[PDB]
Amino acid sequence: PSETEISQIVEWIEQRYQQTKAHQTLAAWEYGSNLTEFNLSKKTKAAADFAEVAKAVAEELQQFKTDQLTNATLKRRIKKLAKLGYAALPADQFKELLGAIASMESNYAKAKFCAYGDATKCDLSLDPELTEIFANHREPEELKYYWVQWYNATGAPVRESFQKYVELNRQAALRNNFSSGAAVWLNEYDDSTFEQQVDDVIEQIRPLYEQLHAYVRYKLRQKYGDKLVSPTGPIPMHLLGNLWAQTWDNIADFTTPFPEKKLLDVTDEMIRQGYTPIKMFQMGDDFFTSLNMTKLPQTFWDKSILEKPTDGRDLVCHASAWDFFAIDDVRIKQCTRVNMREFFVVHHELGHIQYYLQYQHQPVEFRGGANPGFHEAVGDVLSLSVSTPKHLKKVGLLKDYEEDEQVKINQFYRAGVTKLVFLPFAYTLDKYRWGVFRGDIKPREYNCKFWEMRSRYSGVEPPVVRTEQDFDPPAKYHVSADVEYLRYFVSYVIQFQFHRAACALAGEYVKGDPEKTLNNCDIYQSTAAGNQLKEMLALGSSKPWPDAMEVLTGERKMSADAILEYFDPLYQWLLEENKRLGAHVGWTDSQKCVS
């Protein structure tokens, strides 16, 4: 048969695949929104159904040579439709794997806690009570109690489900001709040197990260005292405003260089201006429309969940953005709260939605990111513009003020503790999981190799001694839910490449120009930038990701150049200020995990 004829076969296969994948997504949404055992059975049934379909599709497609085919687009449609992943397993083992994952995720989403000092109040959750305690409370013993409560409840109790998940994740990789689950994840980036590229970015980031780490540690020790914060050891992580210490934005003002100069937390103005969750999504919609990009369809507003329900049902509150593989059926589920942190999450998620809308005209197997990092980068690029004093003044969230060099340091500092510190964190999560998947990290050393890696690359440690009887990795959503995390590392690098290109197109960035830096660029209302961005996103997965990147940046590789430029003024200030203050840089290894 001619390629124009094979193209008719896959076209019929594509519609078959799309319909069962939609049915499966729909059942997953219902569980995600309403965690009942009944809804779990329907989720795995619909997943089992799709697994059958994908097996049949994969066999049906082995009847075409693909080495005498010429349309490259066509070869690519057949390869992506034939990629089974977990569906490669016999159905019994498939449902056993999904049940192991759901067992972890369910335990995470359903955890509840008694208040510090009040055993009669035991309805506290991660979202919102614990998140906000860590964000705003500066009492170490209270923070330590909740840290211990959280990890004891979401980590060790699911060790066995985790072990089962690892074993069958491996079986699925072998049945797909990969050496391990780690090769499967890395395959999504389509570059055999990609693991090395990530190590190279970590090494370029490290000197800057270590200067910032050193300043934060110095300030936390001045605030909390030397018995709590060692001047030379890793930072007790429960003091960094976040249960995983993945971003330290919540202690930015508490530790800022110039606390009596203008600060850039707009939470109080959001509250004071009567902001609501819906208003917050409306403003993110407006930013995308200002870029000549797709306005949110009405289906989004009808079916999205944008506040935590008040009816006591269990659900996954971890914010997510869903593509139902139809037309304009796109939804966010977010337990939104009215503060600046959540305002950026809004944009992150709406970037996922916008990507969905831009490539929904493609065949189903191209309806994804160019690689998983492109998907995570989209909304964060907007958040880079939204975070500038320029934009916050436009939208009225930041009152006017005299700008000087110290206000600019407070600004650079906030950005560093919000975004720069996350890269070592994101790196360690998949370096750890790759090690479990590959066998380099064995079950009897699961916990101390985790905390050892967190100490090596992030210089943070638990507030109490942990042991191998603890098992702490699943205390992080993406571990319990089996969501690859390198996507966020890649995003945090390339999003600055995307931001630089979009600012250039908006006439907001000139290299070397003090009035047009990456740090003060706002691409709000730049249809010139939106148009080039639209083009990249409309590709979905139809081209190799270097070609998608070139569309917006003229470059074809991930590079830390952009992000090192963004943070160079902060880096120069820290180098001098740590020397002046006598702050130690670097850290001894943590002693907080015992084997």
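All residue numbers refer to positions in the sequence shown, first residue = 1.
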- Message: Which is higher on mean Cα B factor in this entry, 316-324 or 70-78?
- Response: 70-78
- Stretch exceeding the other in mean C-alpha B-factor - 449-457, 393-401: 393-401
- Query: For the listed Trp147, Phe366, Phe422, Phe258, which has the peak Cα B-factor recorded in the PDB entry?
  - Reply: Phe366
- When the CA B-factors of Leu130, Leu84, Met237, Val346 are compared as recorded in the entry, which is the largest? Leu84
- According to the PDB entry, is the CA B factor of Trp29 in the bottom, middle or top third of its chain, that is, lowest, middle or highest? middle
- Note on the structure: So, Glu14's CA B-factor, relative to its chain, sits in which third? The highest
- Message: Quick check for you: using the entry's CA B-factors within this chain, is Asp561 in the lowest, middle or highest third?
- Response: middle
- According to the PDB entry, is the CA B factor of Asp249 in the bottom, middle or top third of its chain, that is, lowest, middle or highest? lowest
- Message: Can you tell me whether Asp482 has a C-alpha B-factor in the lowest, middle or highest third compared with the other modelled residues of the same chain?
- Response: lowest
